[PDB]
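The chain that follows stands alone, in the form deposited in one PDB entry, written as structure tokens.
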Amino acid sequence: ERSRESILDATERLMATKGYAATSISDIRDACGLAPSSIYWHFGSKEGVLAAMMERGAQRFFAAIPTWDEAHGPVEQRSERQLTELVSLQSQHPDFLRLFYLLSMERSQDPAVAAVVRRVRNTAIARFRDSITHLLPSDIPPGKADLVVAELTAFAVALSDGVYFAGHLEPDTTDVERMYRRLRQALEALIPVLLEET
């Protein structure tokens, strides 16, 4: 729907300037041409608009990172392919992530916002798991691999979250590519440790 997109485009731009609080549904109308009644019929409220806008930025973020099956064979080893793309996006410091971390830390979340935060978070965790399953030896029993992959995934997600905060709070001195390289090296060392933990 093209009418949905103009509302979100208007809201993005309007929130880039002016902030969320100082932006009125009226202001959104002025920008996108859709009447307030029309905006409500779509997203239900002002918070509903931010929710849908947040979810859109997510899909664009994730679509720029290839799934394991979308990368090639292995080359360079192909978990590396994903890492390269993740590094690329993260090095550009996406403001989408700023919003995600902000909204996930807010008390009294709007139900629509809470659902979107939950889904984006689950997708992120899923995308990491998709990549990390292929880092384990072929001969691990499925139940054991599940445990190890899960614990490795939580570790990767945690480090990746912290990389954004590094890039945010230490933008001048933070090397994103280097930090993610340490993660890949950390994961490689942890795999034997986890497999033999009884």
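Start at 1 with the first residue shown and count on from there.
The form deposited in another entry is left out here; the points below concern that form.
**Student:** Based on the rigid-body movement between the shown form and the other one, can you say which of 114, 30, 94, 56 lies at the hinge?
**Tutor:** Hinge located at 56.
**Student:** So the Cα-Cα distance between residue 102 and residue 21 shifts by 3 Å or more in the other entry; is it shorter or longer than what we see here?
**Tutor:** Closer together, by at least 3 Å.
**Student:** What direction does the residue 21-residue 162 Cα distance move in the other entry compared with the shown chain, closer or farther, given a change of 3 Å or more?
**Tutor:** Compared with the form shown here, the C-alpha atoms of residue 21 and residue 162 sit closer together in the other entry, by 3 Å or more.
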